[PDB]
Amino acid sequence: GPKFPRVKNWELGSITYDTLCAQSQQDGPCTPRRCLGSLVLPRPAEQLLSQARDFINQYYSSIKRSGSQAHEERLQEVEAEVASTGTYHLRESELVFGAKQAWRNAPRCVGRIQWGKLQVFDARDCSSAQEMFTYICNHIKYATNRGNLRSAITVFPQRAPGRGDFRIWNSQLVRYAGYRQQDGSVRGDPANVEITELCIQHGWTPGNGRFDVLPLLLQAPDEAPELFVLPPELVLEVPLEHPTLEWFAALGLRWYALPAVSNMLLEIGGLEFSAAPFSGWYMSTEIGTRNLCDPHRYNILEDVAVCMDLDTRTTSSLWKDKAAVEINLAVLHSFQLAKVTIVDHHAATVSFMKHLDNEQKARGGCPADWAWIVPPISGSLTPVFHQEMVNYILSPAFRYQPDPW
Amino acid sequence: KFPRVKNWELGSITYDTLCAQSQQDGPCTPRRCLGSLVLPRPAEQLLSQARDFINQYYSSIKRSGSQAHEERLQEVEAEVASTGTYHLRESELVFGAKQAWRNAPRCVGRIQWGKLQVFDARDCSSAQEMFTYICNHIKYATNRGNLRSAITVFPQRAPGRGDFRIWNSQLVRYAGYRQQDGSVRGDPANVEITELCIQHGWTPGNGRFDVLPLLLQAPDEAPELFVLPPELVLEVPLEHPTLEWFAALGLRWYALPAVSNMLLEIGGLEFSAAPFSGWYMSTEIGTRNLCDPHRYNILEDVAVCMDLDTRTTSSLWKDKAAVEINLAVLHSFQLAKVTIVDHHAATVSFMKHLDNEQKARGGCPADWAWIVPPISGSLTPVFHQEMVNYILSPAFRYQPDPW
Ligand code: HEM
Ligand code: HEM
Ligand SMILES: Cc1cc(N)nc(C[C@@H]2CNC[C@@H]2OCCNCC(F)(F)c2cccc(F)c2)c1
Ligand SMILES: Cc1cc(N)nc(C[C@@H]2CNC[C@@H]2OCCNCC(F)(F)c2cccc(F)c2)c1
Ligand SMILES: C[C@H](O)[C@H](O)[C@H]1CNc2nc(N)[nH]c(=O)c2N1
Ligand SMILES: C[C@H](O)[C@H](O)[C@H]1CNc2nc(N)[nH]c(=O)c2N1
Ligand SMILES: [Zn+2]
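Residues numbered from 1 in each chain as written, not as in the entry; some residues may be left out. Chains lettered and ligands numbered in written order. Heavy atoms only, no water.

Method of structure determination, per the deposited record: X-ray crystallography was used for this entry, reaching 2.65 Å resolution.

Set out below in structure tokens:
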């Protein structure tokens, strides 16, 4: 082998070299002195043009037209535009290509075997917060497809010089309210306290439940954000029940069908889309393990263990483990019952192995964040645990961005 | 320069300043992270690693800058200047071994770092003598079930000649025997070492749990074969709290986790045979050893016994059976009165260790993928704790198989 990362699968004994990483144009947070790979957050003119050039090259390569008349004219067209305005504009098919490429390039998504199937909705004509609401509601209608979920992304207008951003304030399109109490405890989802408080300040009359759907705070450039309420018929939800444990349904737990991230930046060839929400379908463990068992979230492990009649007095009864399995199973069982798309952590990780194999043949590598790809239960029971991965930033990219308040 | 380390369960924040004392480079660059890779791939150098360690020593017994410090530093110059190398005093080696454990980023058990019986075997000259030493280490460390962490330090490396080595990866391992049907009986990880044993003339059992012999190598000698007296090797029959059938699986594990193939570096000196042992954390046996597909791979057998649905993965039979096997192990070890710690207790103590280290040193090098357990990851507080990883010395390094 050569001076590219050597990558081993310890279950199978198979070796690959990552040559794609050579493509990376942006430094991550690690150095030879220290690995910072487990931090969740780390941290004009020529600079723009070069990025733009790189993306157009990428576009043209993908349509197999590298070096050609139209390829070189488009380059000259992009330069022209940046020369007289300082920015430029993607073509319809260039946006489609990029959006998909950003999903392909996201090191933290286990669901990338699906990268090539993605409805790109162009909303770069959107002009008001009201119009955003509309656009967002069409997205939710399309993507939900009555439970037969379909991956999509709606792209609003790119950042402009000295001009405000289009922003969705909500971290996801569909999230539950969290209400701070007299006790100090939270009723609802403790992640969402702040945004809940922001909505009430902007005129929302709040509910008082564990599962109230948040309204949307949407922001057209240079105005303050307007508040929009999703019609309940538009938000599909799955009441939670267990297959064998009959009491589970009595807990009154539930989750929403559509996982739609809404607070991420989509950066394509230097252009920045501050508002471009995307959505797919859940992996069982996101709801069952993270949302419902995290001590700083709904934290239902104790409750369920008690119902199950486990010894919660001692760690070694593996009461946390026993309960978490049933919650997870209750998630899957119930989504399946309601005929709403879900994938379990086994099935998912199997298919990402397949994605890894594809991307090896196609690009010679696949950036991947191990701690994020490996599921929060039953880790080494899934094939990804035994797979070494290389993490690196590629572009187009989805980039986290700070809350707008 | 100083990285911010947040914990997302509680929202608390620290800064790691400890990582600045790292002198040895890891595998990451700013262009790409390789932190999930299991493996990497003259007087000035040695003399400055040695001073820096002696500094670490006198500083640790508060005598930094005193007479005994100055003259010991000079004893080091003098020895390297004349011989190309030098030797450590017993107390120094004791300090360095504990520090090597402390510095081990992949060890979730570091709360215990200061409690370590150090056996000095540097006066070892034969594979015979090696064996006795190893046999004493086992008797000490096992202590009829009341496990005591220990290390034994064989003679250092030397430019003149070959290394003292223990060919085995652990002092106690189960043999893996390749069958005709291209199948493995026993432990598939130990196929190659089992074939080495047999080649150096061992008579093999044909059970699923046959304790391998030791292959011990003195400098520039053919390794020698030594059978462990069966009474030294404490084993644990596996049974289940509620499932009476489990015991009839005939499953079992050994008490003592004792790594023997890792090189111990202190002050630039290299100890190529320095086995060490503590006690197990249950997921090691229950999850990895027994349910890994390239190991004993018993998940399906056990789930079928549990009468679950193998046909589809959304019934979570892998997870369900995985838990019972971990349960069986805990129960069994607690029943046989043998130290073991579950992943919840251990990760809780690791958090506290992170706290103590923060106050004492300004951080703790940690490797997230190894600290987080292989089941119920996010169920443990380590999952939500950011972690910085970097190499401090004294350290344990991984080493090439001697063959
Ligand atoms: C198609 C079904 C999909 C599944 C099953 C899936 C699965 C996942 C999972 C389990 C995570 C870990 C997130 C967490 O625990 O917070 C993740 C992250 C991510 N996914 Fe997906 N994903 C899917 C589709 C998509 C789509 C359509 C996009 C956008 C085109 C996308 C882009 C991302 C990004 C950017 C992350 C990192 C998120 C962050 O850093 O906050 N994924 N995915
Ligand atoms: C006191 C009981 C101990 C517990 C519960 C414990 C726990 C663990 C665990 C779970 C691992 C990862 C194991 C794996 O999945 O391969 C590990 C790794 C390690 N531990 Fe410990 N440990 C203990 C004692 C020790 C001792 C006594 C030493 C030596 C002084 C030590 C030094 C190391 C080193 C160097 C590694 C890296 C493993 C490797 O690179 O293969 N630990 N520890
Ligand atoms: C603080 C911070 C930084 C960052 N980069 N990222 C986050 C999202 C956090 C991470 N962990 C939980 C939460 O993110 C919740 C959303 N995660 C992904 C998902 F569930 F919404 C999803 C699932 C399938 C498909 C899809 F398109 C989206 C937070
Ligand atoms: C190839 C390779 C590289 C490397 N760095 N390391 C290895 C040891 C492997 C890793 N994964 C399992 C196996 O190592 C055997 C077990 N490792 C730790 C332990 F079990 F030995 C242990 C537990 C508690 C206390 C204690 F002292 C020791 C292999
Ligand atoms: C500190 C650690 O990186 C953090 O808890 C991460 C670990 N892995 C994760 N993996 C996924 N998919 N989602 C997460 O939120 C996290 N949290
Ligand atoms: C490829 C991956 O890094 C490898 O499987 C690691 C992951 N985490 C681990 N963690 C521990 N404690 N022990 C291990 O052997 C491993 N294996
Ligand atoms: Zn790294």
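Here the focus is the overall build of chain A. Helix and strand content of chain A: ten helices and 16 strands. By the compact-globule yardstick of 22 Å for 405 residues, chain A fits well, its C-alpha radius of gyration being 23 Å. In terms of overall dimensions, chain A has C-alpha extents of about 70 × 60 × 40 Å along its principal axes. Out of the 405 residues in chain A, the part that is buried amounts to 53%. (Helix = DSSP H or I, 4+ residues; strand = E, 2+ residues; numbered from the N terminus. Rg over C-alpha atoms; globule rule 2.2 N^0.38 Å. Buried < 20%, exposed > 50% of the residue type's maximum accessible area, 1.4 Å probe, protein only.)

Residue and element names in this part refer to chain A. For chain A, the assigned domains read domain 1 (18–124 + 151–161 + 265–279 + 349–373), domain 2 (125–150 + 165–236 + 400–404) and domain 3 (237–259 + 282–347). Relative to domain 2, the C-alpha centre of domain 1 lies at a distance of 27 Å. Facing the 19 residues of domain 1 at the interface are 17 residues of domain 2. At the boundary of domain 1 with domain 2, total buried surface from both sides reaches about 1,500 Å², with 61% on carbon and sulfur atoms. (Domains from an automatic or database assignment. Contact = heavy atoms within 4.5 Å. Buried area = accessible area lost by both parts, 1.4 Å probe.)

A word on the coordination of the iron atom of ligand 2. Of all protein atoms, just one serves as a donor to the iron atom of ligand 2, and that atom is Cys107 of chain B (SG), at 2.4 Å. Positionally, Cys107 of chain B belongs in the loop between α3 (90–102) and β3 (117–120). (Donors = N, O, S within 2.8 Å, 3.2 Å for Na, K, Ca; no water.)

All names here are of chain B. A complete count under the given rule lists 36 salt bridges over all chains for this structure. The shortest N-O distance in the salt bridge between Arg252 and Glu235 comes to 3.3 Å. Highlighted residues: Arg252 in strand β11 (residues 252–254) and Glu235 in strand β10 (residues 235–237), separated in sequence by 17 residues. Taking relative accessible area as the criterion, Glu235 reaches 21% and is therefore assigned partly exposed. (Salt bridge = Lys/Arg side-chain N within 4 Å of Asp/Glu carboxyl O.)

To continue, consider the interface of chain B and chain A. Taken together, the contact pairs 59 residues of chain B with 66 residues of chain A. The junction of chain B with chain A conceals about 5,400 Å² of combined surface from both sides, 61% of it contributed by carbon and sulfur atoms. Considering only the surface of chain B that becomes buried against chain A, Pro30, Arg31 and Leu379 of chain B emerge as the three largest contributors, covering 11% of it. Applying the counting rule to chain B against chain A returns one salt bridge. Salt-bridge contacts for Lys320 of chain B lead to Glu326 of chain A; the nearest nitrogen and oxygen are separated by 3.3 Å. For the side of chain B that touches chain A, the elements supplying multiple residues, two or more each, are α6 (282–291), α8 (317–335), α9 (343–361) and α10 (368–371) of chain B. Per element, the largest residue contribution to the side of chain B that touches chain A is ten residues, and it comes from α8 of chain B. Per-class residue counts for the side of chain B that touches chain A are 26 nonpolar, 19 polar and 14 charged. (Nonpolar A, V, L, I, M, F, W, Y, C, P; charged D, E, K, R; others polar.)

Turning our attention to the domain arrangement of chain B. Quite often, the size of an interface is put as the accessible area lost when its parts meet. Residues and elements named next belong to chain B. The domain architecture assigned to chain B consists of domain 1 (16–122 + 149–159 + 263–277 + 347–371), domain 2 (123–148 + 163–234 + 398–402) and domain 3 (235–257 + 280–345). Among the residues domain 2 hides against domain 3, the three largest losses belong to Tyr174, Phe209 and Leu234. Together they make up 35% of the total. Counting across the domain 2 and domain 3 interface gives one salt bridge. Between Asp187 and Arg295 there is a salt bridge, with the nearest N and O atoms lying 2.7 Å from each other. Put simply, domain 2 and domain 3 have ten residue pairs in polar contact between them. (Polar contact = N/O pair within 3.5 Å; in protein donor to acceptor, adjacent residues only side chain to side chain.)

Here the focus is the site of ligand 5. Taken together, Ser38, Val40, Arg290, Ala371 and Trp372 of chain A together with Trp368, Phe383, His384, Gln385 and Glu386 of chain B are the residues near ligand 5. Each of chains A and B places residues next to ligand 5. Take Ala371 of chain A: an N or O atom from its main chain is 3.1 Å from a nitrogen atom of ligand 5. At 3.1 Å, a backbone N or O of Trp372 of chain A approaches a nitrogen atom of ligand 5. Relative to its unbound accessible area of 400 Å², ligand 5 is 81% covered by the protein chains. Of the residues contributing to the shell around ligand 5, the split by class is five nonpolar, three polar and two charged. (Near = heavy atom within 4 Å. Areas by Shrake-Rupley, 256 points an atom, 1.4 Å probe, with all protein chains shown as cover.)

What follows concerns the side chain of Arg34 of chain A. With respect to the element layout, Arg34 of chain A can be found in the loop between β2 (15–17) and α1 (45–62). Despite its burial, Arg34 of chain A pairs with no opposite charge, the nearest such side chain being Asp16 of chain B at 8.8 Å. A polar side-chain atom of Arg34 of chain A sits 3.0 Å from the main-chain carbonyl oxygen of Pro29 of chain A. If sequence neighbours within four positions are ignored, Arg34 of chain A has contacts with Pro29 of chain A together with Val388, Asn389 and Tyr390 of chain B. (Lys, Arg positive; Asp, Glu negative; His and termini not counted.)

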